[PDB]
Structure formats: C-alpha cells, structure tokens
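Undergrad: Here you go, one structure.
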Amino acid sequence: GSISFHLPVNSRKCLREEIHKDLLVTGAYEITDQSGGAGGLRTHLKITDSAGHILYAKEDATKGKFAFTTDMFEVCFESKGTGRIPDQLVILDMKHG
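FYI, the numbering for the sequence shown is 30 to 99, 103 to 129, going by the entry's author numbering.
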C-alpha cells in the first residue's frame with residue numbers, strides 16, 4: 030500500500046488496519062517540510078494496537094523505516113508547531129506479510 034497526504038500544523042492523520050491474521054508489517058515513510066522547521070514544527074509517528082500498546086514510535090520523525098508483527105493496529109502522524117506554516121507532505125508505503 031502507498032499513501033501520500035498533506036499534514037496541516039497541529040493535526041493528526043491515521044491509517045487503521047483490521048486484518049485478522051498474524052502479519053509481518055513493514056513500512057517506510059518520508060515527512061517533507063518546505064519551511065525548514067519554521068515555528069518549531071516537529072512530527073511524531075506512533076503505531077499502536079487496539080489496546081493502545083506501542084508497536085513503534087518515533088519522536089521528531091523525518092525519514093525512516095519500521096517493522097512489527099501482530103492483530104488490529106493504527107499508524108498515526110501528528111505535527112506540532114506555532115504560527116502559520118504550510119502543510120507538510122507525507123509519504124507512507126507499507127507491505128504486509
């Protein structure tokens with residue numbers, strides 16, 4: 030799977046997956062910010078199961094990879113900043129084994 034989306038400042042967008050099978054899930058993401066971190070802009074990535082256990086987390090996420098096994105989970109991106117900042121562009125690619 031592949032998703033591209035804009036992430037406004039101080040907002041959160043999540044992808045929720047409910048596949049009732051045991052899986053190896055791998056992913057790669059890139060968060061792009063034209064402003065160079067204006068207004069203290071930062072983005073956190075958090076992957077959680079349906080009971081809120083953290084399967085993966087990255088504070089101050091930029092570009093990277095993740096992996097975890099399961103069975104329902106959510107991949108969330110959340111930015112924090114002050115002032116008027118253009119939306120960030122985020123790409124997320126995942127595959128399921």
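We treat Cβ as the ideally placed atom computed from N, Cα and C, and that holds for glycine.
1) With distances taken from CA atoms, which of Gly65, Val54, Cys108 and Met104 is nearest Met126?
2) Is the beta carbon of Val107 less than 8 Å from the beta carbon of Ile83?
3) At the level of alpha carbons, what is the spacing between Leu121 and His49?
4) Indicate the three-state DSSP secondary structure (helix, strand or coil) for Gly56 in the structure shown.
5) Note the first and the last residue of the continuous beta strand (DSSP E) segment covering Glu46.
TA: This is what the structure gives:
1) Ranking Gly65, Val54, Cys108 and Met104 by Cα distance to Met126 puts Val54 first.
2) Between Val107 and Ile83, the CB-CB gap reaches or exceeds 8 Å.
3) 31 Å
4) strand
5) Its beta strand (DSSP E) spans residues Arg41 to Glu46.
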